[PDB]
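K.L.:
Encoded as structure tokens, here's the structure I'll be asking about.
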Amino acid sequence: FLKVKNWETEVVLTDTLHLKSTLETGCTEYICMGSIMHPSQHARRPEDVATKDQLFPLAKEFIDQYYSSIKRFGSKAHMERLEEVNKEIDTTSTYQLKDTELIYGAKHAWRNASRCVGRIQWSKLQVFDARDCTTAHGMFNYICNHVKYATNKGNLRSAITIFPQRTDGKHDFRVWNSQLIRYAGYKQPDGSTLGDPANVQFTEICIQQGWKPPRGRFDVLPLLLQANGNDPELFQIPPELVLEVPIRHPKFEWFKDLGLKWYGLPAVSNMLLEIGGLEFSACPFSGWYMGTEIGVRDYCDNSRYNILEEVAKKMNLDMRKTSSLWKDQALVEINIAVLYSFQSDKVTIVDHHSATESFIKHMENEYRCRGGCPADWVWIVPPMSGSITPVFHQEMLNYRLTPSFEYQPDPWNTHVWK
Amino acid sequence: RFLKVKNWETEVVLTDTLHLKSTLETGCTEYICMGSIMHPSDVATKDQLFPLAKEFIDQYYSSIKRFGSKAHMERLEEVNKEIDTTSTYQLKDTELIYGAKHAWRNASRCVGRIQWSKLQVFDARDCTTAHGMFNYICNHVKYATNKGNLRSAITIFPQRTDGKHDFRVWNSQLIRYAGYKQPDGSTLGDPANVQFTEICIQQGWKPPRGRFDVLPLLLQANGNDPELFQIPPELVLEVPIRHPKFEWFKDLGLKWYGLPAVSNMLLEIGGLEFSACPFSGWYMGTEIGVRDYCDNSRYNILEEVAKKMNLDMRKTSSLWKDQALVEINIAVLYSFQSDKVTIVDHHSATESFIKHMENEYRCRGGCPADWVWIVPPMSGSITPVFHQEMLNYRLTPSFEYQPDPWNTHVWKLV
Ligand code: HEM
Ligand code: HEM
Ligand SMILES: CNCc1cncc(-c2cc(C)cc(N)n2)c1
Ligand SMILES: CNCc1cncc(-c2cc(C)cc(N)n2)c1
Ligand SMILES: C[C@H](O)[C@H](O)[C@H]1CNc2nc(N)[nH]c(=O)c2N1
Ligand SMILES: C[C@H](O)[C@H](O)[C@H]1CNc2nc(N)[nH]c(=O)c2N1
Ligand SMILES: [Zn+2]
């Protein structure tokens with residue numbers, strides 16, 4: 001029984017949910033790893049096809065949790081499902097989720113995502129079951145439908161598309177893209193980078209796979225889709241599906257001349273969805289942006305588009321010394337522009353003040369009904385204006401509940417080509 | 001064993017071996033991280049004190065390349081005799097200085113630790129009365145302030161004995177502004193110091209009842225009732241806050257003091273507890289301009305500044321708070337620099353901490369660091385520390401929090 005305190009409101013919450021955590025955080029009583037990006041390699045089953053005594057306990061735990069969730073623990077259907085999962089594992093070394101279980105699992109993986117400030121929405125998730133998919137062409141179809149549904153002409157809707165779970169580890173479904181929609185990055189002859197430097201390696205793989213790069217600053221990358229462990233295949237997302245927002249400023253009419261844009265749909269496609277010991281290595285999910293993700297990280301990280309210098313110049317700021325806070329001043333204007341632009345174009349976006357306030361409300365809801373809410377302060381606090389958002393002053397407990405979204409190796413590090 | 005930390009901006013990877021030398025708890029478990037908890041997770045017996053003391057003496061003599069020396073062994077013998085006969089022991093001056101510097105070096109929440117080895121240590125262990133504490137603190141303030149060219153300093157009062165004779169500075173900082181709750185529910189001055197202001201008034205302080213009243217010192221010697229002292233105003237350097245572009249900013253009437261001097265922590269050195277150990281450095285601008293000025297629970301000036309900026313405050317997505325916050329922090333840095341009062345902006349400070357951290361990994365095997373505290377409260381990811389993975393663990397000597405003295409002091413007069 002742990003208490004968390006909000007140091008602004010003095011609200012104290014009492015956490016009991018953490019008693020159900022399964023995986024190591026990476027911390028010990030002697031060392032905290034809370035700012036380590038990937039602190040733990042503690043997985044719930046070994047790398048590939050578990051034996052029965054390895055997979056069934058995880059399956060039983062999830063089925064138990066699901067039937068508990070619907071007030072049916074020990075019910076006829078609960079005991080049959082256990083027997084059913086038992087026979088499936090006995091005869092196939094794995095088992096297949098029911099549609100209801102898949103949906104429950106996906107929503108709870110989002111609900112359990114301690115790094116996500118958006119989880120007040122967790123039960124409003126549209127789940128696309130793509131477990132019947134067999135080819136990269138089918139994956140492209142599924143992803144196109146996801147993008148179209150989720151974009152919804154700018155009125156974004158949260159969605160996840162779940163491709164067939166891992167079997168032996170050599171037949172993985174993978175979206176090689178880190179997000180469904182991202183811009184290419186190009187190594188320049190002189191040594192600078194054009195476009196998004198984060199995606200230089202992936203872009204080079206696409207180029208080497210036969211993609212014809214237009215070699216601009218905002219080239220939407222093709223999809224690089226791997227089905228059933230085969231070599232990945234390139235697909236161009238129909239551009240009418242890729243909603244983009246030109247970035248302009250409500251006051252600085254020169255801002256539009258910077259030629260900046262961003263896409264409207266944040267769609268993570270490189271993570272692993274773990275449910276009942278089953279691993280869904282291709283499970284692209286999307287919601288809608290918090291403005292700072294684009295305005296602070298995508299635009300202003302030194303290793304990303306790195307636009308602070310360009311914006312500050314146009315603003316006529318004293319960039320000679322750090323103490324003029326010219327980076328801070330330009331940072332704010334950039335984020336004003338990003339929000340103003342999405343809002344002007346009626347593309348769903350949330351500012352970090354509203355998003356963090358919702359997350360506090362979500363925490364209170366979760367403590368009241370669930371007895372806790374795992375939360376990673378290091379990720380929840382926005383990357384600008386931290387302490388003027390409420391989450392900065394909110395103590396959080398971080399712990400790992402299942403089902404979950406997990407990181408996984410980039411496929412080009414593990415894929416043996418054909 | 002080794003642990004690697006990565007910087008995700010530079011891809012520099014550093015290897016921590018120093019964490020193996022911790023034996024104090026972080027508060028986390030193997031299954032729960034308490035890294036964002038402010039305060040996670042009665043005097044030492046003879047048995048408890050012996051190994052704490054040995055560990056410190058061992059590390060002191062290792063630091064000076066005299067481990068195993070005759071002086072090392074005689075010092076351990078001598079420390080053991082004092083603990084055996086007196087239930088405590090006395091640090092040598094060299095050990096006190098070393099211990100104070102390393103408590104700073106070990107302060108995982110402190111971004112300014114590149115300066116750790118240039119600490120002026122004032123040994124006040126001969127002090128016996130609150131008047132003597134006031135004298136020591138005045139000298140500390142004067143030395144540290146240095147007419148605006150601030151110098152890091154700590155003054156160390158007698159260690160805890162039986163826990164019934166503690167020396168304590170009741171102030172949370174040596175220099176802080178009073179807060180007064182008004183009958184209408186508003187607060188004049190600093191709302192964070194309302195409770196301590198009330199204690200001062202109760203003890204006889206006659207308050208000016210203004211917005212920036214420097215608080216009196218409330219000083220406790222030898223476990224006696226604390227006593228009030230007015231810091232001589234000529235020793236309190238203050239900076240009126242103005243803005244390089246907004247002429248109206250000075251009309252806000254803002255000022256701050258130049259000397260950040262924490263006075264409510266406990267210094268632990270080799271099992272010894274120095275419950276009064278005020279220390280001071282210089283400010284990072286955001287401490288004042290973001291937290292002191294713009295916390296909703298503090299001076300909370302965002303609204304007023306945004307109004308004078310004619311910002312649209314009807315919607316949060318105008319980012320009017322963010323825009324006002326930057327200008328306030330510009331004003332803070334401009335004002336201190338104009339008055340030649342030492343101050344460091346969060347970009348320079350975090351950059352220096354990264355260099356410090358890397359140096360520490362190189363020469364010491366690591367640098368315990370609390371990312372939640374190291375990352376500045378504004379513009380987080382445009383400072384390098386945001387992208388720096390850090391390991392947090394507790395090394396000793398250390399600065400520790402301790403309960404506020406008014407919650408444990410049992411009063412004596414009448
Ligand atoms: C609906 C609006 C949503 C908002 C505003 C939101 C906000 C955020 C933000 C700002 C981050 C940090 C991303 C980064 O710093 O790189 C994040 C991370 C995350 N989100 Fe959400 N999110 C939303 C929806 C979703 C959905 C639908 C899912 C899954 C079904 C999800 C799962 C996650 C996970 C697993 C992470 C951390 C993993 C990672 O990206 O490294 N989120 N979210
Ligand atoms: C020399 C310039 C220094 C700078 C720029 C600096 C910077 C900072 C900052 C910005 C914080 C966070 C304060 C807060 O958010 O409340 C902090 C905390 C801390 N500093 Fe430093 N500091 C300096 C000197 C020192 C010195 C001389 C000591 C001790 C001898 C020290 C020990 C600590 C400790 C123990 C903490 C965490 C305790 C606490 O306040 O909660 N620092 N420092
Ligand atoms: C490693 N972080 C990956 C990443 C990068 N960009 C954006 C997001 C993201 C994802 C989702 C579902 C919503 C949102 N608002 N944002 C995640
Ligand atoms: C809980 N933290 C207390 C506090 C409050 N204000 C300022 C500081 C501080 C202290 C020191 C030595 C240096 C600095 N640059 N800042 C510490
Ligand atoms: C090292 C540090 O943990 C790393 O830079 C983290 C910090 N907090 C973050 N927070 C969010 N939301 N997203 C991130 O990518 C990061 N990066
Ligand atoms: C809840 C959270 O841990 C708390 O608000 C912390 C966050 N980080 C901080 N960081 C610094 N430097 N100073 C602080 O007071 C805090 N407060
Ligand atoms: Zn931890």
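Quick note on naming: the chains in the structure tokens go A, B, ... in the order shown, residues restart at 1 in each chain, and ligands are numbered from 1 in order of appearance.
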Dump as a ChimeraX atom specification the residues of chain A that approach chain B to within 8 Å, counting only C-alpha atoms.

P.N.:
/A:4-5,8,18,21-37,296-297,300-303,322-325,327-329,331-333,335-336,339-340,350-351,353-354,377-378,382-388,395-400

K.L.:
Mind listing the alpha helix (DSSP H) residues of segment 31-269 of chain B, per DSSP on the backbone, as a VMD selection string?

P.N.:
chain B and resid 46 to 63 70 to 86 93 to 105 130 to 145 194 to 202

K.L.:
Go ahead and save the residues from that selection, with C-alpha atoms, as a compact mmCIF listing (two decimals), in the first residue's frame.

P.N.:
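What follows is the written file out_10.txt:
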```
# COMPACT_ATOMS: atom_id res chain seq x y z
CA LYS B 46 27.57 1.99 19.18
CA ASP B 47 27.13 -1.14 17.05
CA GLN B 48 25.48 0.80 14.24
CA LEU B 49 28.10 3.58 14.35
CA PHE B 50 31.30 1.44 14.09
CA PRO B 51 30.82 0.23 10.48
CA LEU B 52 29.42 3.55 9.26
CA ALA B 53 32.52 5.26 10.64
CA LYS B 54 34.91 2.68 9.20
CA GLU B 55 33.31 2.98 5.76
CA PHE B 56 33.83 6.74 5.81
CA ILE B 57 37.37 6.67 7.20
CA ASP B 58 38.22 3.97 4.64
CA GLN B 59 36.90 6.10 1.80
CA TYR B 60 38.57 9.23 3.13
CA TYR B 61 41.95 7.51 3.24
CA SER B 62 41.35 5.91 -0.15
CA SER B 63 40.59 9.36 -1.60
CA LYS B 70 49.80 3.80 9.34
CA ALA B 71 47.82 7.04 9.64
CA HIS B 72 44.77 5.23 8.25
CA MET B 73 45.03 2.40 10.78
CA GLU B 74 45.66 4.71 13.73
CA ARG B 75 42.70 6.87 12.73
CA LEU B 76 40.42 3.82 12.63
CA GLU B 77 41.81 2.75 16.01
CA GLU B 78 41.20 6.25 17.36
CA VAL B 79 37.66 6.47 15.95
CA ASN B 80 36.83 3.08 17.46
CA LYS B 81 38.09 4.17 20.87
CA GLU B 82 35.91 7.29 20.85
CA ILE B 83 32.82 5.32 19.80
CA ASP B 84 33.58 2.70 22.46
CA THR B 85 34.08 5.26 25.23
CA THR B 86 31.77 8.14 24.23
CA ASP B 93 38.81 19.06 10.05
CA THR B 94 40.14 17.43 6.87
CA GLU B 95 37.48 14.71 7.14
CA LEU B 96 34.74 17.28 7.76
CA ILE B 97 35.72 19.23 4.64
CA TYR B 98 35.98 16.04 2.60
CA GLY B 99 32.66 14.81 3.95
CA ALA B 100 30.83 18.05 3.23
CA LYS B 101 32.23 18.21 -0.31
CA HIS B 102 31.28 14.62 -0.98
CA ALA B 103 27.77 15.05 0.39
CA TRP B 104 27.43 17.74 -2.28
CA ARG B 105 29.10 15.53 -4.88
CA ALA B 130 21.76 30.52 19.05
CA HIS B 131 23.65 33.82 19.23
CA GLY B 132 26.75 31.95 18.10
CA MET B 133 24.75 30.37 15.27
CA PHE B 134 23.56 33.80 14.14
CA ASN B 135 27.17 35.01 14.11
CA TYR B 136 28.29 31.99 12.08
CA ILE B 137 25.38 32.40 9.67
CA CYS B 138 26.02 36.12 9.22
CA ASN B 139 29.65 35.36 8.39
CA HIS B 140 28.50 32.63 6.00
CA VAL B 141 26.04 34.97 4.26
CA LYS B 142 28.66 37.70 3.94
CA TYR B 143 31.33 35.34 2.62
CA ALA B 144 29.04 33.53 0.22
CA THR B 145 27.38 36.66 -1.16
CA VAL B 194 3.03 31.11 5.72
CA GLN B 195 3.46 28.48 8.43
CA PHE B 196 7.02 29.48 9.29
CA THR B 197 6.02 33.15 9.21
CA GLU B 198 3.32 32.32 11.77
CA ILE B 199 5.88 30.64 14.04
CA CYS B 200 8.16 33.68 13.78
CA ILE B 201 5.32 36.06 14.63
CA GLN B 202 4.32 33.86 17.56
```

K.L.:
I'd like the neighbourhood of residue 95 of chain A as a list in words, where a residue qualifies if any of its atoms comes within 9 Å (using only C-alpha atoms), though same-chain residues fewer than 2 positions away should be ignored.

P.N.:
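Selected residues are residues 59, 84, 85, 86, 87, 88, 89, 92, 93, 97 and 278 of chain A.
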
K.L.:
Any idea what's packed within 6 Å of residue 109 of chain B, counting only C-alpha atoms, ignoring anything in its chain fewer than 2 positions away? Could you give it as a list in words?

P.N.:
residues 107, 370, 373 and 374 of chain B

K.L.:
Please write the residues from the selection above to a file, keeping C-alpha atoms, as an mmCIF file, in the first residue's frame.

P.N.:
```cif
data_model
loop_
_atom_site.group_PDB
_atom_site.id
_atom_site.type_symbol
_atom_site.label_atom_id
_atom_site.label_comp_id
_atom_site.auth_asym_id
_atom_site.auth_seq_id
_atom_site.Cartn_x
_atom_site.Cartn_y
_atom_site.Cartn_z
ATOM 1 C CA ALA B 107 23.531 14.977 -4.078
ATOM 2 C CA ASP B 370 17.815 12.227 -10.147
ATOM 3 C CA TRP B 373 15.035 16.883 -10.358
ATOM 4 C CA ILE B 374 17.937 17.488 -12.774
#
```

K.L.:
Residues at most 6 Å from ligand 4, using only C-alpha atoms and all ligand atoms? Could they come as number ranges by chain?

P.N.:
B: 260-262, 279-284

K.L.:
Once DSSP has gone over the backbone, tell me which residues of segment 168-329 of chain A are in strand (DSSP E), as a PyMOL selection string.

P.N.:
chain A and resi 174-175+185-187+193-195+223-226+233-235+244-246+261-263+267-268+272-275+278-280+285-286+289-290

K.L.:
With N, CA and C atoms kept, could you save the residues just selected as an mmCIF file, in the first residue's frame?

P.N.:
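The resulting file, part27.cif, is shown below:
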```
data_model
loop_
_atom_site.group_PDB
_atom_site.id
_atom_site.type_symbol
_atom_site.label_atom_id
_atom_site.label_comp_id
_atom_site.auth_asym_id
_atom_site.auth_seq_id
_atom_site.Cartn_x
_atom_site.Cartn_y
_atom_site.Cartn_z
ATOM 1 N N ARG A 174 5.577 -8.005 -39.085
ATOM 2 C CA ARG A 174 6.189 -6.776 -38.604
ATOM 3 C C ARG A 174 5.853 -5.638 -39.547
ATOM 4 N N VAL A 175 5.484 -4.499 -38.985
ATOM 5 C CA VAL A 175 5.587 -3.246 -39.713
ATOM 6 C C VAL A 175 6.990 -2.735 -39.442
ATOM 7 N N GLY A 185 14.412 10.716 -44.075
ATOM 8 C CA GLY A 185 15.611 11.497 -43.821
ATOM 9 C C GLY A 185 16.724 11.030 -44.726
ATOM 10 N N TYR A 186 17.493 11.987 -45.231
ATOM 11 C CA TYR A 186 18.487 11.699 -46.248
ATOM 12 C C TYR A 186 19.837 12.227 -45.802
ATOM 13 N N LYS A 187 20.847 11.370 -45.869
ATOM 14 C CA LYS A 187 22.218 11.809 -45.665
ATOM 15 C C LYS A 187 22.657 12.626 -46.877
ATOM 16 N N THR A 193 21.858 16.599 -42.888
ATOM 17 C CA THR A 193 20.755 15.676 -43.111
ATOM 18 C C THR A 193 19.540 16.443 -43.608
ATOM 19 N N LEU A 194 18.880 15.894 -44.628
ATOM 20 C CA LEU A 194 17.643 16.441 -45.162
ATOM 21 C C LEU A 194 16.455 15.640 -44.643
ATOM 22 N N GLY A 195 15.403 16.346 -44.233
ATOM 23 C CA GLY A 195 14.235 15.683 -43.682
ATOM 24 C C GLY A 195 14.404 15.284 -42.231
ATOM 25 N N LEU A 223 5.318 2.319 -46.656
ATOM 26 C CA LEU A 223 5.233 1.230 -45.700
ATOM 27 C C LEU A 223 6.163 0.105 -46.130
ATOM 28 N N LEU A 224 6.849 -0.485 -45.154
ATOM 29 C CA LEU A 224 7.739 -1.625 -45.356
ATOM 30 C C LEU A 224 7.158 -2.721 -44.482
ATOM 31 N N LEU A 225 6.415 -3.643 -45.087
ATOM 32 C CA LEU A 225 5.558 -4.567 -44.358
ATOM 33 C C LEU A 225 6.065 -5.995 -44.498
ATOM 34 N N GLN A 226 6.168 -6.691 -43.369
ATOM 35 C CA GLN A 226 6.618 -8.076 -43.329
ATOM 36 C C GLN A 226 5.503 -8.959 -42.798
ATOM 37 N N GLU A 233 7.959 -5.876 -47.910
ATOM 38 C CA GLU A 233 7.554 -5.345 -49.202
ATOM 39 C C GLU A 233 7.157 -3.882 -49.056
ATOM 40 N N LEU A 234 7.521 -3.070 -50.047
ATOM 41 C CA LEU A 234 7.199 -1.647 -50.031
ATOM 42 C C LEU A 234 5.801 -1.379 -50.573
ATOM 43 N N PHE A 235 5.116 -0.426 -49.941
ATOM 44 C CA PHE A 235 3.797 0.035 -50.341
ATOM 45 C C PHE A 235 3.730 1.529 -50.104
ATOM 46 N N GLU A 244 -2.266 15.911 -43.682
ATOM 47 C CA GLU A 244 -1.134 16.727 -43.279
ATOM 48 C C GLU A 244 -1.601 18.139 -42.992
ATOM 49 N N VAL A 245 -0.884 18.802 -42.093
ATOM 50 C CA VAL A 245 -1.261 20.137 -41.663
ATOM 51 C C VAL A 245 -0.101 21.074 -41.973
ATOM 52 N N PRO A 246 -0.268 22.042 -42.872
ATOM 53 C CA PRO A 246 0.759 23.082 -43.014
ATOM 54 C C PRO A 246 0.810 23.924 -41.749
ATOM 55 N N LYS A 261 5.379 21.418 -42.282
ATOM 56 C CA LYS A 261 4.113 20.725 -42.125
ATOM 57 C C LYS A 261 4.334 19.552 -41.192
ATOM 58 N N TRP A 262 3.234 18.939 -40.770
ATOM 59 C CA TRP A 262 3.311 17.654 -40.102
ATOM 60 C C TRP A 262 2.082 16.852 -40.486
ATOM 61 N N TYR A 263 2.155 15.560 -40.232
ATOM 62 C CA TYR A 263 1.015 14.691 -40.455
ATOM 63 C C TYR A 263 0.136 14.683 -39.211
ATOM 64 N N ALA A 267 0.814 7.165 -35.260
ATOM 65 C CA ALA A 267 0.451 5.749 -35.377
ATOM 66 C C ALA A 267 1.680 4.885 -35.112
ATOM 67 N N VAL A 268 1.893 4.515 -33.847
ATOM 68 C CA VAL A 268 3.056 3.709 -33.505
ATOM 69 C C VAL A 268 2.891 2.306 -34.071
ATOM 70 N N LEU A 272 5.281 -4.221 -29.533
ATOM 71 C CA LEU A 272 4.766 -5.573 -29.382
ATOM 72 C C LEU A 272 3.651 -5.546 -28.354
ATOM 73 N N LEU A 273 2.528 -6.143 -28.705
ATOM 74 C CA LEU A 273 1.373 -6.235 -27.829
ATOM 75 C C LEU A 273 1.398 -7.611 -27.188
ATOM 76 N N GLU A 274 1.497 -7.645 -25.870
ATOM 77 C CA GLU A 274 1.590 -8.893 -25.137
ATOM 78 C C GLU A 274 0.278 -9.109 -24.388
ATOM 79 N N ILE A 275 -0.402 -10.207 -24.707
ATOM 80 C CA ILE A 275 -1.651 -10.595 -24.060
ATOM 81 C C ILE A 275 -1.582 -12.081 -23.752
ATOM 82 N N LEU A 278 0.746 -14.340 -25.391
ATOM 83 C CA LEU A 278 0.790 -14.210 -26.835
ATOM 84 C C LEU A 278 1.440 -12.887 -27.200
ATOM 85 N N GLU A 279 2.236 -12.906 -28.262
ATOM 86 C CA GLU A 279 3.008 -11.743 -28.681
ATOM 87 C C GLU A 279 2.548 -11.329 -30.072
ATOM 88 N N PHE A 280 1.949 -10.145 -30.166
ATOM 89 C CA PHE A 280 1.493 -9.585 -31.433
ATOM 90 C C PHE A 280 2.541 -8.560 -31.859
ATOM 91 N N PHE A 285 -0.989 1.094 -33.632
ATOM 92 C CA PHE A 285 -2.029 1.797 -32.911
ATOM 93 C C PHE A 285 -1.822 3.293 -33.086
ATOM 94 N N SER A 286 -2.922 4.023 -33.054
ATOM 95 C CA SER A 286 -2.897 5.446 -33.329
ATOM 96 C C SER A 286 -3.902 6.150 -32.440
ATOM 97 N N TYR A 289 -2.379 13.669 -31.655
ATOM 98 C CA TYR A 289 -1.162 14.250 -31.100
ATOM 99 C C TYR A 289 -1.457 15.136 -29.903
ATOM 100 N N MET A 290 -0.514 15.143 -28.965
ATOM 101 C CA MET A 290 -0.306 16.274 -28.074
ATOM 102 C C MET A 290 0.664 17.218 -28.773
#
```
